[PDB]
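Participant: Before anything else, here's the structure in question.
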Amino acid sequence: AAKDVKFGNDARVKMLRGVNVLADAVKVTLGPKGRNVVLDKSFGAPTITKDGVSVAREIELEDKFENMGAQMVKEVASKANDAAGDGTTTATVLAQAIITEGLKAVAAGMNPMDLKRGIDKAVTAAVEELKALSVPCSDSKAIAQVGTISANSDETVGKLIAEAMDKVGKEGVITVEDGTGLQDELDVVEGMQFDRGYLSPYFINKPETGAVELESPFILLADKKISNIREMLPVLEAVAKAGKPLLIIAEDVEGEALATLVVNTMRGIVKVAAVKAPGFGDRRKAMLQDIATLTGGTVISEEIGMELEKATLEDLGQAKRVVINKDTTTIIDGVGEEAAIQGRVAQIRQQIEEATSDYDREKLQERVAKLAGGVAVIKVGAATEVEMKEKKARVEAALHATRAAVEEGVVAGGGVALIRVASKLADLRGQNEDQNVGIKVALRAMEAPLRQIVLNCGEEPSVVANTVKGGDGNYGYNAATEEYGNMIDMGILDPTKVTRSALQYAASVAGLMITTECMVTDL
Amino acid sequence: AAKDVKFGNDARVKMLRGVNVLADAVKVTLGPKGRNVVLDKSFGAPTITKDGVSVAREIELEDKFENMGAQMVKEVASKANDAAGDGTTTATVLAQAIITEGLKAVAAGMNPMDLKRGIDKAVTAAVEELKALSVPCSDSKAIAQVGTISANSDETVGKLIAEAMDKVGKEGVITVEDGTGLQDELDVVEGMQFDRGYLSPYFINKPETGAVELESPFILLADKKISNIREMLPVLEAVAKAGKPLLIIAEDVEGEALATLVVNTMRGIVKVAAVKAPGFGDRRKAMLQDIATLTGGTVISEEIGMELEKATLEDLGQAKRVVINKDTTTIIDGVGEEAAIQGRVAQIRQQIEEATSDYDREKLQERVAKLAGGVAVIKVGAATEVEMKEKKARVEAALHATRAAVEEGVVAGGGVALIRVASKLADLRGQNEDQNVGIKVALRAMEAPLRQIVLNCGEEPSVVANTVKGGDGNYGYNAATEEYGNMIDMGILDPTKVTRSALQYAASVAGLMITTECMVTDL
Amino acid sequence: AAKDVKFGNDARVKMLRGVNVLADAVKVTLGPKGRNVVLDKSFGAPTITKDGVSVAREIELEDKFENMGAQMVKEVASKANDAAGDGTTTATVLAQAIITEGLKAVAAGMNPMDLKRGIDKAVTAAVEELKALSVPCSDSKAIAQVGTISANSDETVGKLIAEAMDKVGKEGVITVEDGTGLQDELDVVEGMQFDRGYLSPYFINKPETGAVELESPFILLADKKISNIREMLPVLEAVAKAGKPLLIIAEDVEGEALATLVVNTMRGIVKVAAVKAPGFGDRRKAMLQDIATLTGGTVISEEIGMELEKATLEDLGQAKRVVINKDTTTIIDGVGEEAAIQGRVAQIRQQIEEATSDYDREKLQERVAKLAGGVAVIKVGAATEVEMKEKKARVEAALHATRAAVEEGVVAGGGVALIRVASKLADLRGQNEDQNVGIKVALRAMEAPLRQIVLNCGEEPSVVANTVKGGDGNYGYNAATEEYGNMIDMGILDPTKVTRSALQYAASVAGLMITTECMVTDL
Ligand SMILES: Nc1ncnc2c1ncn2[C@@H]1O[C@H](COP(=O)(O)OP(=O)(O)OP(=O)(O)O)[C@@H](O)[C@H]1O
Ligand SMILES: Nc1ncnc2c1ncn2[C@@H]1O[C@H](COP(=O)(O)OP(=O)(O)OP(=O)(O)O)[C@@H](O)[C@H]1O
Ligand SMILES: Nc1ncnc2c1ncn2[C@@H]1O[C@H](COP(=O)(O)OP(=O)(O)OP(=O)(O)O)[C@@H](O)[C@H]1O
Ligand SMILES: [Mg+2]
Ligand SMILES: [Mg+2]
Ligand SMILES: [Mg+2]
């Protein structure tokens, strides 16, 4: 309907207020100092989680303007959250500080554009500093510590992550499942994971994550694309006798012919999934073969002249479960044959050696690696189901952060990096004063999140911040210790990527918020 | 729609108030001192039951926040209630005490996390103490006493439970049915019970319990899974002539093929149930045979080459009634053949002796035991139908508690164990003061429920509690006696499991409530 | 329903107020001095763009009268915006100034008709002056500057435009696509663009622009019109096996026979597009051949006697993507054959030389040119997706302005031309005093937008305007420099066309607004 539009400060104020409200809840929560949080639901019994984001997610502002402003922060934060895996709160915190200052500057009447530019400039500088500052991720002990941070003093999670990580290998993917029982179980599962997307979000399964899990999926592998129903049909007929959920692997499915018939014609009542076959060219075929062996199913190719129609259910392999995400599709455990799987690996392994070329070797080695590596599953036990879910969520978050952290390497946590960089940043000047102030603002913003932790401590963040700044090198405040020590030595490190990601997003949000002169809402 | 969100104390207060309201009603009811209770219904004539839970169930809070808070307690309590079979109220009572104190601490501004940790720590310690404290369940006389407790001075129920228990055997399952007449009837029913789930909750019958009872069920046993309709169909055709409700036993039914056709295609107007055949492997087959003999029906196997289609109704056995619960499925009474059943038992019995191996013996013995044991049914008479229903419900509750109690063993009732443990607990210290207070709080919480009983007595719980604490060993207050005596000697014992369960859940709830900074509701 | 009607000043005032509100937001935004702008949305997260228009678009007036008045300005402005590519704001600014003065005159009670006439007369004179004033567009360096203006100090955009422009050629069309990644990519794409409309807006694709883009379009070329389904059908059948989206090229499709069947009979679920074949006569055929070669598809003609029905999918070519706009339809990249395409070009090229006649040469040369030129695609990277979209939009706007600007040639920006012309204009007199005032008003209107920029600067526009007027030749104020210098030398030039377009439209609007005695609204 009609929209109410506000311009200038009035628009800004609404945004600011909204931002603060969201930020405030988030800020307190963030930091190990902050207590976890439970979220009430009108819908049903309250949801128990430990995420800054969740608080934000819950929080809605009645005021449209405020709400919208709040929303803006959240969306950006989530984006940072996804990439970083962590630091959702941090970005929010950073954004709020930046925005407020920026708004004040707007109040100043300085031209916000320069400020944004200055902020951006500052951010870039900070990023560079951070990168230099950052150091490679430390060993598993560090990993556990990294895990613990995501843990928020969940020792078990960190341990689990480290343990899972060790067995699987850092590179190897780790999957989390609900625990069978209170005791956690870590079982390596045989199977291969290949990075393939899900063709359509429609395929995407019930769960919020949107990764699709199939129970006892059936795997059909075809090198060939599945053009039309007719070729499909005789597969289907066997499938009808089946009815265990179907997963399909094809080089590609041409959307219209297959999908049009499938969607419109076919109810698709039986669960189906489609993924592109991994790799391309011979390698793709090889990968398919590897998959096929692991599945224990067989692959049909035109070259073979095997017909999909002809192929029965038996040809299709089965998996204990399959999980698919947009980035990647994995099979937790193909039934496979133990001998068969091993034999294939050896054969591939032999091939790897055989090939003179690195390229050939790499492909072969990659192929073997996938099968050999398998996938790792982690079960989280809990005293209660609710706890388990909560624990599981935390575990998952930790895992992603840990994985990201390791690759990125770790930087001192506590926003130490942020504060440290800022000091260097301060010297840098923007082109013009307006830019200069913005740059300063950004610096100020960085400082704030350190303070917030301190505030949670109840120690006066001013002293801490001042002290932190004074210390050269990696100097920081450990909340738990409440003692000054090297962050690295302490072993509490925040991932570089996460820190970087959050800062950039927050800056972006802040800049956007500052710029946005006007807001419009519905009446 | 839009949600109203509250944070901090404000959120807490709403929860607290809600908790109190629910708790208060429950607390008074709990304890033999408390009077039973009737629940009004707008729907229709009031419902008469004797459960603390029911009061809670009825109670809804108009305030969303309060209501939600209330809900949280209830849900946890119910969970405890299910496992313990009893102590629903106790958990609620415990939770309330813990929550209030925890909230106060929150008011204190101590970091609730430590408190929760302390509480958890305290709980763990208490649990250990309780376990040591607990003693094995006493004999039937004790059992009756246990029954009486569930009875809340329902002598008959305890007697019935004991009587039923004796005949059936404690291990043997006892089932309760509405009494034919005022006089209770205890009839042992021939039949076997095997622990199998119901495939789908959809199958789950009308009654609230969700156990499904079939009247004159027909039993089809197939070793083989029922893949598809077609094989099924000729069974069905016979069934059409039939129309007595069908129960199906199959090793498994593959969901999609059978279910998809069945659900979509088949109205399923005739009652149908499916259960997995008990056991696996040969034993499963053997079990099926045992079942088949008991049913008097025949089993069809691929190995036999008998066809389901071929099999007629006659092949299917009939049961007088079948009850299915998720944990287990039982047949109250297969028509069976008296001779046939006996013969099979003997044959199995011979087999048991025959097998050298323990394993073989165990399976065989288990098989015979099921048939031999049969199931026991208890009828509850009542002056009026309404009374009977009420009585029946009480009886059922008592039975579960008794069964749980016996296995667990009995500990002094009256919350004596709780108070006793607490004293020991007090010495234990948490890591930090905040934890310490939480630990103390938990201890305090334990004490409270003893007081509540005393309050019902009208005696000043302080003195009683003090006295109780002072006494070493099992020292407690018997409400009925209003005299001090050994709980064990008194023979009023609360099950260890129930006590433990309630405490843990309550603690969990309390901890959660404390933690939950914020609540959100719809507007 | 019933309408509320206002006449005379009352109607005018509502319009005026509405105009001002819209204008005010726009005016501030306009000019590099003005900050960009973000637009709030009730619908979802706010939209980030940099357009004066967008602000106007957002702005709606609650008052019907005001809103309607506001709408009038916007619609005209947009029209100017489309043609000019730029100067949307300028027109709005101009209109507002004119309207207010005109209204005042209406208040004066002078007969507005004369005023309108005077305004029109003034406009015409101004236009002539502008045209003389205008100079040809300068070289790429200028182009970049032109780009930067559209950029609003987006250096990259200007660079991209210049870079894209250089490679493609100014004449050559440049297309913008979202960047694959943060880094922009400029790839020339092989393909030909021919100016053909889309038969129906229905065809028009999802995007707001209404240009239709097909992914991997299939191209069917027929010289012949597609009369009816039947001939079509065998094409369709092949297509059914297909299902990649179809694009159709035909000399014409007779609407009723094809469309009636197609629309009604055919769901048209598969994407389809139709375009008229470029050119007419032999040239058209030749063009088709060129297209066909580029596509790699084949064309079917009656003369050939090839049947559409007979023709398979293979005959149809494929394009990586096709974009269609009403003015023109382009194929970004036909798969084509590299050799084939080249060969055809050579063949055509030979033909061009071969033909004695200029006419023949021109057609041939044009034909070759299209293939040879190909299309250029620009990718815009962004830190974030949102940014990219915003950047992309800006880029697109810049491109259109640049293209227009170059052809038109550049005139001094800053409204320098407008002010300059006005002085000359002032001498000119209208037929009658009422006309005279209107003429003056128009002159005044022209001056205003210069002032607005100055106002953004915060410099007093009076002095600047006076100074600007005083300077002969191209004299203007550079906001960025805040120094006086030649506009041309500065290199900040606004396109003649855009300036002219905006002025004319604004004048038209203003005249209309003045004339409109009465407004009617719904109640
Ligand atoms: N003992 C500690 N001393 C100093 N800072 C710590 C300590 N443990 C963790 N932190 C810091 O607390 C922050 C991590 O907490 P949290 O994960 O809540 O923040 P976040 O990642 O921004 O929020 P969210 O995880 O909800 O997105 C990091 O800056 C981390 O270094
Ligand atoms: N004569 C008695 N003296 C002392 N305490 C008693 C006596 N009889 C029963 N109790 C105690 O009263 C409590 C049992 O009552 P009740 O079953 O109402 O509590 P509850 O199990 O927590 O509530 P609900 O059964 O509604 O879940 C136990 O702690 C039990 O030991
Ligand atoms: N440094 C400068 N000095 C003087 N005027 C400038 C300078 N850079 C740009 N301008 C002027 O600002 C105006 C262009 O800004 P803008 O594109 O916002 O106006 P617009 O085209 O009317 O609005 P829109 O683009 O929203 O339709 C032109 O008159 C242009 O010459
Ligand atoms: Mg985090
Ligand atoms: Mg009880
Ligand atoms: Mg413009």
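In chain A, numbers come from Swiss-Prot; the residues present are 2-524, in order.
Each Cβ is built from the backbone N, Cα and C atoms, and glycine gets one as well.
Straight out of Swiss-Prot:
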BINDING   A:30-33, A:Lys51, A:87-91, A:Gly415, A:479-481, A:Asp495  ATP binding site
MOD_RES   A:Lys34  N6-succinyllysine
MOD_RES   A:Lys51  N6-succinyllysine
MOD_RES   A:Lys117  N6-succinyllysine
MOD_RES   A:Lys117  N6-acetyllysine
MOD_RES   A:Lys277  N6-succinyllysine
MOD_RES   A:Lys321  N6-succinyllysine
MOD_RES   A:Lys390  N6-succinyllysine
Participant: Counting Cβ atoms within 10 Å across all protein chains shown, which of the modified residues A:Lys34, A:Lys117, A:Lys321, A:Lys390 comes out on top?
Facilitator: A:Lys117
Participant: If you compare CA-to-CA distances from A:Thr30 (ATP binding site) to each of the modified residues A:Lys117, A:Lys277, A:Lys321, A:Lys390, which comes out shortest?
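Facilitator: Given the candidates A:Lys117, A:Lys277, A:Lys321, A:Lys390, the nearest one is A:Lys390.
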Participant: In three-state terms from DSSP, label A:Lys277 (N6-succinyllysine) for me.
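Facilitator: Note: A:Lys277 (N6-succinyllysine) is in a strand by DSSP.
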Participant: What is the total of other Cβ atoms whose distance to the Cβ of A:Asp495 (ATP binding site) is within 10 Å?
Facilitator: 28
Participant: Looking at the modified residues listed here (A:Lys117, A:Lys277, A:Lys390), whose Cα lies nearest to that of A:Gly32 (ATP binding site)?
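Facilitator: Its closest listed neighbour, by Cα, is A:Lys390.
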Participant: Report the nearest neighbour of A:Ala480 (ATP binding site) in space among the modified residues A:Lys34, A:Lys117, A:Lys277, A:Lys321, comparing Cα positions.
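Facilitator: If we rank A:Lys34, A:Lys117, A:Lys277, A:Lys321 by Cα distance to A:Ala480 (ATP binding site), first place goes to A:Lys34.
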Participant: So which of A:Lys34, A:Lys321, A:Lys390, listed as modified residues, have a Cβ under 6 Å from an atom of ligand 1?
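Facilitator: Passing the 6 Å Cβ check against ligand 1: none.
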Participant: Return the recorded positions from the list A:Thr30, A:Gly88, A:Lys117, A:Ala480, A:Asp495 for which some CB of chain C is under 8 Å from the residue's own CB; sequence order; 'none' if the set is empty.
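Facilitator: Nothing passes the 8 Å Cβ test.
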Participant: My understanding is the cutoff is Cβ-Cβ under 8 Å with a sequence separation of 6 or more in the same chain; which residues meet that for A:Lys51 (ATP binding site)?
Facilitator: A:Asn37, A:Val38, A:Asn153, A:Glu391, A:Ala394, A:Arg395
Participant: Relative to the Cβ position of A:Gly32 (ATP binding site), how many further Cβ atoms are located within 10 Å?
Facilitator: 25
Participant: Could you measure between A:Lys390 (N6-succinyllysine) and A:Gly88 (ATP binding site) for me? Cα positions, answer in whole angstrom.
Facilitator: 21
Participant: Which of the modified residues A:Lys34, A:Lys117, A:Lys277, A:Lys321 has its Cα nearest to the Cα of A:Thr90 (ATP binding site)?
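Facilitator: Answer for the nearest of the modified residues: A:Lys34.
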Participant: Calculate the distance in Å between the alpha carbons (Cα) of A:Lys321 (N6-succinyllysine) and A:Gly415 (ATP binding site), and round it to a whole number.
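Facilitator: Distance between the two Cα atoms comes out at 43 Å.
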Participant: Minimum Cβ neighbour count within 10 Å among the binding-site residues A:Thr30, A:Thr90: which residue?
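Facilitator: Fewest other Cβ atoms within 10 Å, among the binding-site residues A:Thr30, A:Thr90, is found for A:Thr30.
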Participant: Could you tell me which of these binding-site residues, A:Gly88, A:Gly415, has the fewest other Cβ atoms within 10 Å of its Cβ?
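Facilitator: With the binding-site residues A:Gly88, A:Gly415, fewest surrounding Cβ atoms within 10 Å: A:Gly415.
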Participant: How big is the Cα-to-Cα gap, in Å, between A:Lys34 (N6-succinyllysine) and A:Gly415 (ATP binding site)?
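Facilitator: Each residue's Cα considered, A:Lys34 (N6-succinyllysine) and A:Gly415 (ATP binding site) end up 11 Å apart.
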Participant: So for A:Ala480 (ATP binding site), how many other CB atoms are inside 10 Å of its CB?
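Facilitator: So the Cβ neighbour count for A:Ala480 (ATP binding site) comes to 19.
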Participant: Using Cβ-Cβ distances, find the residues under 8 Å from A:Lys277 (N6-succinyllysine) that belong to the same chain and are at least 6 apart in sequence, listing them in sequence order.
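Facilitator: Spatial neighbours, sequence-distant, of A:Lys277 (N6-succinyllysine): A:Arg197, A:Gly198, A:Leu200, A:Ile250, A:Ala251, A:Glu252, A:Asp253.
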Participant: Distance check, please: Cα of A:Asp495 (ATP binding site) against Cα of A:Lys117 (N6-succinyllysine), rounded to an integer number of angstrom.
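Facilitator: If we compare the Cα positions of A:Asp495 (ATP binding site) and A:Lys117 (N6-succinyllysine), the gap is 26 Å.
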Participant: Going by DSSP, is A:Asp495 (ATP binding site) part of a helix, a strand, or coil?
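Facilitator: DSSP call for A:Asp495 (ATP binding site): strand.
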Participant: Whole-number Å only: compute the distance from the Cα of A:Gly88 (ATP binding site) to the Cα of A:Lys117 (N6-succinyllysine).
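Facilitator: Distance (Cα to Cα, whole Å): 22 Å.
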Participant: Which three-state DSSP class does A:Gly88 (ATP binding site) fall into?
Facilitator: coil
